[PDB]
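Q: A structural model of the following input is requested.
(chains A and B)
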Amino acid sequence: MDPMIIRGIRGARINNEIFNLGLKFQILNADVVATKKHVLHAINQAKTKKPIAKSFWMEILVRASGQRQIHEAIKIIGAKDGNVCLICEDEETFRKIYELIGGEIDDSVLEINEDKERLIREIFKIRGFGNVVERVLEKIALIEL
RNA sequence: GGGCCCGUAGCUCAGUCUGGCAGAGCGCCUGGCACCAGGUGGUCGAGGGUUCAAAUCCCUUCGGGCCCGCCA
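A: Residues are numbered from 1 along each chain as shown, chains lettered A, B, ... in the order given. Shown next is the structure:
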């Protein structure tokens, strides 16, 4: 319907309130997202693949974690008081939550550096050589296995 | 993370509950006139345990498939 809007924001203090407002959005840990392609592929899996979660936006989070467990996904790639990736379909929705966490918007916060690569490879159990994001998508694609 | 089913002849699978000679159909070989008769079939996924006796029960494990919970 609406085009997905994805923008990372640097230095955000997360308030658990935002999850009790019934707003169509998803917020991730920017420091563990391979790139904008990571989130896009997760949304693709959420849109198409067989549901694991009772919500589409929750389905994004679990697909981003590369595994079925819902609570593990919240820990693996859930937003943690800092660099985050806000995901919306309504501009007003994005504006609302940003007012509740703050932080200068910086899409580079979703770009990957060597320290982020070590973190992602350790987190996503990426044991081996090969382009990090390529095998991040590969791990997400086979959640249905 | 939790729960369930399959694995047995070359193939499809019964048999497992309730331990008691390893079975059917299918094909395969032979002979006879597609059909008839004779013949042919086993690392029971693996290991270990229990037992006089295990495909069968217990533990463990490999391979294939299915379901579920977690919903900041």
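Q: and residue A:12, that one's in a strand?
A: No: read with DSSP: H, G, I helix; E, B strand; the rest coil, residue A:12 is coil and lies in no strand.
Q: For residue A:72, see how far away it is.
A: If you measure residue A:12 against residue A:72 using CB to CB, to the nearest Å, the figure is 22 Å. In short, each C-beta sits where N, CA and C put it, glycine included.
Q: higher neighbour count, those two?
A: Between residue A:12 and residue A:72, residue A:12 has the larger neighbour count (other CB atoms under 10 Å), namely 26 against 14.
Q: for RNA strand B, what are the nearby residues on chain A?
A: Taking CB under 7 Å from any atom of the strand as the measure of proximity, chain A contacts RNA strand B at A:16, A:19, A:26-28, A:52-55, A:58, A:61-62, A:68-72, A:74, A:78-79.
Q: count of neighbours near residue A:122?
A: Residue A:122: 11 neighbours (other CB under 10 Å).
Q: Does it lie in a helix or a strand, and which?
A: In this structure, residue A:122 sits in helix A:114-123 according to DSSP states H and E.
Q: contact partners of that helix?
A: Here helix A:114-123 makes contact (CB atoms under 8 Å, 6 or more residues apart in numbering) with A:31-32, A:34, A:76, A:112, A:126, A:132, A:136.
Q: Quick check: longest helix in chain A by residues?
A: Longest helix of chain A, by residue count under DSSP state H: helix A:36-48.
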